[PDB]
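Trainee: Residue 9 is where the sequence shown starts when you use PDB author numbering, and the numbers rise one by one after that. Backbone N, C-alpha and C fix where the C-beta goes; we use that ideal spot for every residue, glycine too.
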Amino acid sequence: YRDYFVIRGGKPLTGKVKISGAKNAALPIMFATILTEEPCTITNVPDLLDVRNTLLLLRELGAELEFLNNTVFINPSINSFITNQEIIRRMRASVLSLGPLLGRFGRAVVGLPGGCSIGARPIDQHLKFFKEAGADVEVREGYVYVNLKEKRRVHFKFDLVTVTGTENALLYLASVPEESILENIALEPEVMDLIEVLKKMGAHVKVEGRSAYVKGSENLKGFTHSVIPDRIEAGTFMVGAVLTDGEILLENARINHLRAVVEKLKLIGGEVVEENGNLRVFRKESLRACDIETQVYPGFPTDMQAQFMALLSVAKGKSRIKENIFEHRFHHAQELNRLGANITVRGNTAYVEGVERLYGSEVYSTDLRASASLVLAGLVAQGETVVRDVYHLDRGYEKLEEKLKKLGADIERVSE
Ligand SMILES: C=C(O[C@H]1[C@H](O)[C@@H](CO)O[C@H](OP(=O)(O)OP(=O)(O)OC[C@H]2O[C@@H](n3ccc(=O)[nH]c3=O)[C@H](O)[C@@H]2O)[C@@H]1NC(C)=O)C(=O)O
Numbered sequence: 009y010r011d012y013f014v015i016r017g018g019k020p021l022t023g024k025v026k027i028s029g030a031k032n033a034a035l036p037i038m039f040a041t042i043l044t045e046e047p048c049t050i051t052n053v054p055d056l057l058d059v060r061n062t063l064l065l066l067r068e069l070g071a072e073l074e075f076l077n078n079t080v081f082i083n084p085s086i087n088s089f090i091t092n093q094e095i096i097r098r099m100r101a102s103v104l105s106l107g108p109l110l111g112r113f114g115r116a117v118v119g120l121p122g123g124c125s126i127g128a129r130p131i132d133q134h135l136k137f138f139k140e141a142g143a144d145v146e147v148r149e150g151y152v153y154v155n156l157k158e159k160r161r162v163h164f165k166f167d168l169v170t171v172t173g174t175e176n177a178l179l180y181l182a183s184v185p186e187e188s189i190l191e192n193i194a195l196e197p198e199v200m201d202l203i204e205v206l207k208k209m210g211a212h213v214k215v216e217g218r219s220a221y222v223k224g225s226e227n228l229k230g231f232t233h234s235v236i237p238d239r240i241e242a243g244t245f246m247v248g249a250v251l252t253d254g255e256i257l258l259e260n261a262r263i264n265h266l267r268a269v270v271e272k273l274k275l276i277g278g279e280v281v282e283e284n285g286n287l288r289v290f291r292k293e294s295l296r297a298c299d300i301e302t303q304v305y306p307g308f309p310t311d312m313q314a315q316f317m318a319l320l321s322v323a324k325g326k327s328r329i330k331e332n333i334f335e336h337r338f339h340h341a342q343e344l345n346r347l348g349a350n351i352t353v354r355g356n357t358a359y360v361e362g363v364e365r366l367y368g369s370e371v372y373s374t375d376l377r378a379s380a381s382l383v384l385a386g387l388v389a390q391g392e393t394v395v396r397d398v399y400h401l402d403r404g405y406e407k408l409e410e411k412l413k414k415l416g417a418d419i420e421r422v423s424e
C-alpha cells in the first residue's frame, strides 16, 4: 500500500510511551516452535508486518495458530519443509526457517534471498555452517536444497559476526542430541532471548565470550515465553525526546540492552534517568556533535544509526558516523539533505555538519528501521514533512504514529 505520514513539526515530545516487544526476538522464537510438536505460547509479540508474515509462513508450513492481545498461541503441526520464494522476497529473515526445518525433517527447501535495499546481504555464513554440519547443500531454481543424512556434533566458527546466522545455527543444534560448539557468535539481546527459549524447550546452551556450547535433543518440549522489549524502538523514542527538547518516560524498556545508545545520547547532550524500570529522557545540554561507529552488540546498533544522524543533523559541529555493519546503509542521509541538512557520504563514513534548522518536505521511507530517522526529522523540521511509503515503518514498529501522537506529535496517517 502507499500509505504515508504528514508530520507538522514544532512540538516537543512529552509524556509516557509503552515500548513494544522486540520484533527481532519474536521472529527467531516463533521459528523455534517448528522444533517441537507441542503447543507453545509467546507473549509480548508486537503486531507489525514482519510478525504477521512469519505467522503466515508458519501456517503455510502446516501450523495452527492464533494471534491475539500481542500473544501467539501455536500448535506446531508442521507438515511441510518448503519456504517459498515469495515469502523470502517479502522478508529475507524467513531464512530462519532453515535451521528448524532441517532439525525436524533432515530436509529443507528454502528460497534464497535476493538483494536488499540495505545491502546485498549474502548468507554465505548460514550455508557454510550447514555444510560444516554435514548437510548436502545445493542451489537450484533459486532455492537452497538442504539434505542431512544424519545428525552429528558440529564445531563451527563464523568468519564474521552474524545475528541470524548465529540464530539459524542455534536453532538447528538445539535438535542435535550431541555436544556442539559455535565460535564468534552474535551476542545481541534477541539472540540471548532465543537461547532462553531453546533451553526452555530442553536444549542446553552455555555462552562464554563469543562461544556457544550446545547439547540438543530429539524430543524438544513446548514452551511459554514473554519476549524482551524492543531496544531499537526504545532508542528511537529516546532520540525523539532529545531532538525535540521534550521529556518522555519510557515504560517496559530495558536499560541493560541500551548501554551504547545511552552513552552516545549523553555525549550529544541528552539525559536518561532510571525510575524503577522506567526511563525518563530529556535534553540536558545544547546539542553537540559526536563521532559514532556502528558495531555488533554490545556496541552501537546499526539499527540506531539513522536516528542519531537525524539528531546530529541539528547539533553544533561536524559529526562522523561510520558503518561497520551495513556499510551501504545511508539512503536516509540524502533524504535528510532534502530537509536542509548538510550531510556528506564518503564510502562507509558519513559526515554531518550540523545546521540551525530543518525545512519540511517530502521524503521516502526505504528501511523498516532506519527510516524512522525521517519521522524524527519531520518532528523538528520547519513546516510540514511528508513521509512516503510508511509500509516499511509498519514492518519495523508497532503503532509508531499512534505512540508519537500520544506524546504530542502533530502527526497523521493518510491511508492510500
Ligand atoms: C534489518 C533488520 O534488523 C537486522 C539488524 O540490522 C542486523 C544487524 O544488527 O541483524 C539482523 O539481520 P542480519 O542477521 O542479516 O545481520 P547480520 O547477519 O549480522 O549481517 C551483518 C553483516 O554481515 C554480513 N553477512 C552476514 C551473514 C552472511 O552470511 N554473510 C555476510 O556477509 C552482512 O552482509 C552484513 O553486512 C537483524 N534482523 C533480524 C531478523 O534479526 C530487520 O529488522 O529486518
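Smallest Cα separation from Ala34: which of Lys207, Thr310, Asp201, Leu347?
Mentor: The sequence position of residue 34 within the sequence shown is 26, counting from 1. With distances taken between Cα atoms, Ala34 lies closest to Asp201.
Trainee: Which residues does DSSP pair with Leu190 in a beta bridge?
Mentor: For the purposes of this step, residue 190 is taken as residue 182 along the sequence shown, with counting starting at 1. DSSP, once it has assigned bridges, lists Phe164, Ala220 as partnering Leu190.
Trainee: Give the C-beta separation of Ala116 and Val59 to the nearest angstrom, bearing in mind that I take them to be a contact with Cβ-Cβ under 8 angstroms.
Mentor: Taking the first residue of the sequence shown as position 1, residue 116 is located at position 108. Taking the first residue of the sequence shown as position 1, residue 59 is located at position 51. Incorrect: roughly 22 angstroms between the Cβ atoms, too far for contact.
Trainee: With a threshold of 7 angstroms, establish whether the CB of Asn61 neighbours any heavy atom of ligand 1.
Mentor: Translated into positions along the sequence shown, residue 61 becomes position 53. Because no heavy atom of ligand 1 lies under 7 angstroms away, the Cβ of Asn61 does not count as near it: no.
Trainee: Using a Cβ-Cβ cutoff of less than 6 angstroms, which residues in the same chain neighbour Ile203 once the five nearest sequence positions on both sides are dropped?
Mentor: Against the sequence shown, residue 203 aligns to sequence position 195. Correct list, in chain order: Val213.
Trainee: State the DSSP-derived secondary structure class of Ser102, mapped to helix, strand or coil.
Mentor: Taking the first residue of the sequence shown as position 1, residue 102 is located at position 94. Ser102: helix per DSSP, three-state reduction.
Trainee: Based on Cα-Cα distance, which residue from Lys26, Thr22, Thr41 lies nearest to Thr232?
Mentor: Taking the sequence shown and counting its residues from 1, one reaches residue 232 at position 224. Looking at the Cα atoms, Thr41 is the closest of the given residues.
Trainee: In angstroms with no decimal places, state the Cα-to-Cα distance between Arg10 and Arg421.
Mentor: Numbered from 1 along the sequence shown, position 2 holds the residue referred to as residue 10. Numbered from 1 along the sequence shown, position 413 holds the residue referred to as residue 421. So the two alpha carbons sit approximately 11 angstroms from each other.
Trainee: Cutting at 7 angstroms between CB atoms, please list the residues of its own chain near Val388, excluding the five before and the five after it.
Mentor: Reading the sequence shown from its first residue, position 380 is the one you call residue 388. These residues qualify, in order along the chain: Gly17, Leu251, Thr252, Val322, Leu366.
Trainee: Can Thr172 and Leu190 be called in contact, C-beta distance under 8 angstroms?
Mentor: Counting from 1 along the sequence shown, the entry for residue 172 is found at position 164. Counting from 1 along the sequence shown, the entry for residue 190 is found at position 182. No; because the gap between Cβ atoms is not below 8 angstroms, this pair is not in contact.
Trainee: Can you tell me whether DSSP reads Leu257 as helix, strand or coil?
Mentor: Taking the sequence shown and counting its residues from 1, the one referred to as residue 257 is at position 249. Reduced to three states, the DSSP call for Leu257 is strand.
Trainee: The beta strand (DSSP E) spanning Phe89 covers which residue range?
Mentor: The residue labelled residue 89 in the question sits at position 81 within the sequence shown. From DSSP, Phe89 is part of no beta strand (DSSP E); its letter is neither H nor E.
Trainee: Mind checking who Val118 pairs with in its DSSP beta bridge?
Mentor: The residue you call residue 118 lines up with position 110 of the sequence shown. Answer by DSSP bridge pairing, in chain order: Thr91, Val152.
Trainee: Given this structure, state the Cα-to-Cα distance separating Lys136 from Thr44, to the nearest angstrom.
Mentor: Here residue 136 corresponds to residue number 128 of the sequence shown, with the count starting at 1. Here residue 44 corresponds to residue number 36 of the sequence shown, with the count starting at 1. Their Cα atoms are separated by approximately 25 angstroms.
Trainee: Which partner residues does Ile351 have in the DSSP bridge list?
Mentor: Residue 351 sits at position 343 when you count from the first residue of the sequence shown. DSSP, once it has assigned bridges, lists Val360 as partnering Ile351.
Trainee: Okay, do the region 226-244 and the region 307-322 touch, 3+ Cβ pairs below 8 angstroms being the bar?
Mentor: Yes, since at least three Cβ pairs between the region 226-244 and the region 307-322 fall closer than 8 angstroms, the two stretches touch.
Trainee: Using a Cβ-Cβ cutoff of less than 6 angstroms, which residues in the same chain neighbour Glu186 once the five nearest sequence positions on both sides are dropped?
Mentor: Residue numbering aside, residue 186 sits at position 178 when the sequence shown is read from its first letter. Answer for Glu186: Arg161, listed in chain order.
Trainee: Measure the C-alpha to C-alpha separation of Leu412 and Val25 and round it to an integer number of angstroms.
Mentor: Walking along the sequence shown from the start, residue 412 turns up at place 404. Walking along the sequence shown from the start, residue 25 turns up at place 17. Whole-angstrom Cα-Cα distance: 8 angstroms.
Trainee: Thinking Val289 and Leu258 are a contact (beta carbons under 8 angstroms), I'd like their distance in whole angstroms, please.
Mentor: In the sequence shown, counting from the first residue as 1, residue 289 sits at position 281. In the sequence shown, counting from the first residue as 1, residue 258 sits at position 250. With a Cβ gap of about 7 angstroms, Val289 and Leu258 count as contacting.
Trainee: Counting pairs of beta carbons, one from the region 96-103 and one from the region 59-71, are three or more of them closer than 8 angstroms?
Mentor: A contact exists between the region 96-103 and the region 59-71.
Trainee: Per DSSP, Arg291 forms a beta bridge with which residues?
Mentor: On the sequence shown, position 283 is the one that residue 291 refers to. DSSP, once it has assigned bridges, lists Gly278 as partnering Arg291.
Trainee: Would you identify the three-state DSSP class for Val235, choosing helix, strand or coil?
Mentor: Within the sequence shown, residue 235 is the residue found at index 227, counting from 1. Correct three-state label for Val235: coil.
Trainee: If the criterion is Cβ atoms closer than 8 angstroms, does the pair residue 1 and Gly368 meet it?
Mentor: Any answer about residue 1 is impossible in this case: the structure gives the chain only from 9 up to 424.
Trainee: If I measure Cβ to Cβ from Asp418 and keep anything under 8 angstroms in the same chain, skipping five residues before and after, which residues do I get?
Mentor: Looking up residue 418 in the sequence shown gives position 410. The answer, listed in chain order, is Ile15, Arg16, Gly17, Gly18, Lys19.
Trainee: Give the secondary structure of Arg16 by DSSP, where H, G and I count as helix, E and B as strand, and everything else as coil.
Mentor: Here the question's residue 16 lines up with position 8 in the sequence shown. If DSSP states are grouped into helix, strand and coil, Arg16 belongs with the strands.
Trainee: Can we count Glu72 as close to ligand 1, meaning its CB is less than 7 angstroms from some heavy atom?
Mentor: Counting from one through the sequence shown, the residue named residue 72 turns up at place 64. Not so, every heavy atom of ligand 1 lies at least 7 angstroms from the Cβ.
Trainee: If you measure from the CB of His339, is any heavy atom of ligand 1 nearer than 7 angstroms?
Mentor: The residue you call residue 339 lines up with position 331 of the sequence shown. Flag unset: Cβ of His339 not near ligand 1.
Trainee: By the DSSP assignment, the beta strand (DSSP E) with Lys330 in it spans what residues?
Mentor: Position 322 of the sequence shown, counting from 1, holds the residue named residue 330. Note, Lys330: beta strand (DSSP E), 326-330.
Trainee: Please report the straight-line C-alpha distance between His163 and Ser188, rounded to a whole angstrom.
Mentor: Working through the sequence shown from its first residue, we reach residue 163 at position 155. Working through the sequence shown from its first residue, we reach residue 188 at position 180. The straight-line gap from Cα to Cα measures roughly 6 angstroms.
Trainee: Can you give me the Cβ contacts of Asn192 inside the same chain, cut-off strictly under 7 angstroms, excluding the 5 residues immediately before and after it?
Mentor: Position 184 of the sequence shown, counting from 1, holds the residue named residue 192. Answer for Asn192: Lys165, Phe166, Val169, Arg218, listed in chain order.
Trainee: Which residues mark the beginning and the end of the alpha helix (DSSP H) in which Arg346 is found?
Mentor: Along the sequence shown, read from residue 1 onward, the residue named residue 346 stands at position 338. Where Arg346 is concerned, there is no enclosing alpha helix (DSSP H), given that its DSSP letter is neither H nor E.
Trainee: Any heavy atom of ligand 1 closer than 7 angstroms to the Cβ of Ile333?
Mentor: As a working mapping, residue 333 is identified with position 325 in the sequence shown. Yes, ligand 1 has a heavy atom inside 7 angstroms of this Cβ.
Trainee: Considering just the uninterrupted stretch of the alpha helix (DSSP H) at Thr310, what are its terminal residues?
Mentor: Taking the first residue of the sequence shown as position 1, residue 310 is located at position 302. Segment 310-320, the alpha helix (DSSP H) holding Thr310.
Trainee: Closest to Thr357 by C-alpha separation, out of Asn286, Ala30, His339, would be which residue?
Mentor: As a first step, residue 357 is located in the sequence shown; it is residue number 349 there, counting from the start. When only C-alpha atoms are compared, the closest one is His339.
Trainee: Can you tell me the Cβ-Cβ gap for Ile256 and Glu282, rounded? I've got them flagged as a contact below 8 angstroms.
Mentor: Numbered from its first residue, the sequence shown carries residue 256 at position 248. Numbered from its first residue, the sequence shown carries residue 282 at position 274. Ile256 to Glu282, Cβ: 14 angstroms. No contact.
Trainee: Which word fits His336, buried or exposed, when buried means at least 16 other C-beta atoms lie within 10 angstroms of its C-beta?
Mentor: Taking the sequence shown and counting its residues from 1, one reaches residue 336 at position 328. Flag for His336 reads exposed.
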